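Student: these are from a larger complex, still in place; more later:
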Amino acid sequence: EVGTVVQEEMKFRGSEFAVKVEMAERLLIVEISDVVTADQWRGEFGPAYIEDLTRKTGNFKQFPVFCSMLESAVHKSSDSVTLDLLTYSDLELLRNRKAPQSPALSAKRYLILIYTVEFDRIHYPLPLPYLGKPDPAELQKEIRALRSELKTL
Amino acid sequence: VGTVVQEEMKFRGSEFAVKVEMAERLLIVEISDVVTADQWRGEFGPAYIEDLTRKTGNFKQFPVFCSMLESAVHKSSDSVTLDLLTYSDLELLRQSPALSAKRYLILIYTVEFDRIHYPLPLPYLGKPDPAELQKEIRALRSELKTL
């Protein structure tokens, strides 16, 4: 963690997404992009949110460890952690079958950090709001910036 | 060859990204509304450009012409200036949905007591697929990291 940014492409249920995790001073940022449809979700989580979230699972983690787990899962560099991406409808079925949708919730995606060790099987859910498609202006506005820095060197 | 100029310029109350690029035997002119991200694009050959300049009265050779257009975009010459206007705006100076959309980049050349107007037709491309734009943003970001 400590200022670092990890971004990788990965396929969730037969679709390429761009995933960007960024650990900053007392804030974790997750950003996902549908690379085919350019749809986007983003989440911001504080150390309190995160730690209190893991406590709910009975399997606590401290904020830096969690971010480190997440980094590891994005990097696919650790067999004990894995990701998944779900919709609220999907999310209920895997907990409702175990035993009414607003605009913001309906488009929401849940990034599920999945922790598997010899005696625990834990799912840590990170809720990501639908952020819309981006503005093709600003993308171009921004591409015109990168083009010049590239030519500078 | 391959020389590229990119500059920002205003055309009748709006901001445009103008990119001109001279390949061998091909002039490429792209125009984007920096705000609405509307894009227009022309590709012109030597034969076309020389045929065009004569038609208007003051023929220039293709390299010389591109060169002027490069100066115009650098705003680095008095003899040349640019305008941008529609088939309606052009009609008055002298329509299908395609025509209603396309733009004309005018190279306004000054000599002696008169000004010559060189119209380049630039077709409409549409707005871009922002997916496509992000994939390309991803590529440029990886060029910078390694470098």
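Tutor: Nice, thanks for sending it over. Numbers count the residues shown, from 1 in each chain, chains lettered A, B, ... in the order given.

Student: up against chain B, what does chain A have?
Tutor: Residues of chain A found near chain B (C-beta under 8 Å from any C-beta of the partner chain) are A:18, A:33-38, A:133-137, A:139-144, A:146-150, A:153. All C-beta atoms are positioned from the backbone trio N, CA, C, and that covers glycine.

Student: ok, and the closest non-adjacent residue to the residue most central in space within chain A?
Tutor: Computing the C-alpha centroid of chain A and ranking residues by C-alpha atoms, centre = their mean puts residue A:30 first, at 4.3 Å. Computed as C-beta to C-beta, 6 or more residues apart in numbering or on different chains, the closest residue to residue A:30 that is not its neighbour in sequence is residue A:43, at 4.6 Å.

Student: is it true that the one you found touches residue A:129?
Tutor: Yes. Counting by C-beta atoms under 8 Å, residue A:43 touches residue A:129, with 6.9 Å between them.

Student: and stretch A:5-20, end to end?
Tutor: Stretch A:5-20 has its terminal residues 7 Å apart, counting by C-alpha to C-alpha, to the nearest Å.

Student: against chain B, how distant is residue A:58?
Tutor: From residue A:58 over to chain B the distance is 38 Å, taken as C-beta to the nearest C-beta, to the nearest Å.

Student: also, this goes in as chain C:
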Amino acid sequence: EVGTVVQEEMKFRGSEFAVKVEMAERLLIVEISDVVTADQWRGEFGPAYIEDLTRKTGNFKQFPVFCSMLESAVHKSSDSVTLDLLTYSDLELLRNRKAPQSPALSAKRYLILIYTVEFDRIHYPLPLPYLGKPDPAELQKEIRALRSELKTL
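Tutor: Once chain C is put in with the chains from before, the structure reads:
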């Protein structure tokens, strides 16, 4: 678990001990014997004690899972769990240096169930009261029982 009894010999810090774990209906029993000096400690723990004990560690386990972990550690059949045996003096130093003894506490041993997985490092402590040396009568009384059952078959 569910009625089962596991007993094995194992060396803690250069001494052979006999360890006996027994999982019964809502009660876990741990019994340790110094095989050279015949000293003995025993502990009985309920599902509430155990579960509330794991919660304290931030890394919950349900009673049957914990007993199963413990069985696994005694059986040395799982790389993620290991045992250790400590005295209260030992126990403090590893937590006091990280930053007055009654009879019953002084002779007490702590069986430390040690859980190591990719992102957690947990020590689960089971306190065992010193039960004295056994009565050589009852041992003999009992050996005279086994001798006859053996000859019966």
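
Student: still on that earlier bit, other SSEs contacting the helix or strand containing the residue nearest to the centre of chain A?
Tutor: Assigned by DSSP states H and E, residue A:30 belongs to strand A:27-34. In terms of contacts (3 or more C-beta pairs under 8 Å, 6 or more residues apart in numbering or on different chains; DSSP states H and E), strand A:27-34 is packed against strand A:16-24, strand A:40-45, helix A:63-74, strand A:109-117, strand A:120-128.

Student: give the pairing partners of it; include direction for each.
Tutor: When pairing is defined by DSSP bridges, strand A:27-34 lines up against strand A:16-24 (antiparallel), strand A:40-45 (antiparallel).

Student: any chance of those in CSV, plus mean neighbour count?
Tutor: CSV is the format used below for these (neighbours: other C-beta atoms under 10 Å in any protein chain shown):
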stretch, mean neighbour count
strand A:16-24, 18
strand A:40-45, 18
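
Student: which residues touch the helix ranked longest in chain A?
Tutor: The longest helix of chain A (DSSP state H) is helix A:136-152. For helix A:136-152, contacts defined as C-beta atoms under 8 Å, 6 or more residues apart in numbering or on different chains pick out B:6, B:17, B:32, B:34-37, B:127-128, B:130, B:133-134, B:136-137, B:140-141, B:143-144, B:147.

Student: okay, chain D goes in next:
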Amino acid sequence: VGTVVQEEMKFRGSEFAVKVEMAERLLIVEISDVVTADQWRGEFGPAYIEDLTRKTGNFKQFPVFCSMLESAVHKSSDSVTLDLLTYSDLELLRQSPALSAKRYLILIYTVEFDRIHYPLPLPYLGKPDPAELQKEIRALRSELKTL
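Tutor: Placing chain D onto the earlier chains gives this:
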């Protein structure tokens, strides 16, 4: 050979575990106080046993003698009975700490109009190392599981 008898019996207000075992050319007698776990043990050869029985008056051959002692422990004969008493109790019928401790298993043989008293000296072993006893308990428990 190898025949073993184990029975419980009372001797002057106390409970004892008596084990008698006839190997070839050796009689083994062990006695344990089932309560205090005090243990006494004798090992007697044929020559010793025959020399002993004559001394007392009514010689028996070694196999015959052991056999009687086995009957005595099974309490399965009228002619024989057992007692257990100390060098002090024995003196009266006719001391270093070792002697003060040791016991005598008496085989009381009845014939015609008299009773013959056969004393076997059984040394003190001490109480046992309960460590040792547990190690042995562990061994027997593993014999039973497999079987």
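
Student: again for the contacts of helix A:136-152, since chain D is there now?
Tutor: B:6, B:17, B:32, B:34-37, B:127-128, B:130, B:133-134, B:136-137, B:140-141, B:143-144, B:147.

Student: residues of it that come out buried?
Tutor: By neighbour count with 16 or more other C-beta atoms under 10 Å in any protein chain shown, helix A:136-152 contains the buried residues A:136, A:137, A:139, A:140, A:143, A:146.

Student: check stretch A:71-81 too.
Tutor: So for stretch A:71-81, counting by 16+ other C-beta under 10 Å, buried means A:71, A:72, A:73, A:74, A:80, A:81.

Student: just those residues now: which is nearest chain C?
Tutor: Chain C lies nearest to residue A:80 out of those, by C-beta to the nearest C-beta, at 3.9 Å.

Student: thought residue A:18 was touching residue A:12?
Tutor: No. With contact defined as C-beta under 8 Å, residue A:18 does not reach residue A:12; the gap is 11.3 Å.

Student: thinking again about what came up before, ok, and what's touching the strand holding residue A:30?
Tutor: Under C-beta under 8 Å, 6+ apart, the answer for strand A:27-34 is A:15, A:17-23, A:39-46, A:50, A:63, A:66-67, A:70, A:85, A:109, A:111, A:126, A:128, B:131, B:134.

Student: okay, buried residues for it please.
Tutor: Across strand A:27-34, burial judged by 16+ other C-beta under 10 Å covers A:28, A:30, A:31, A:32, A:33, A:34.
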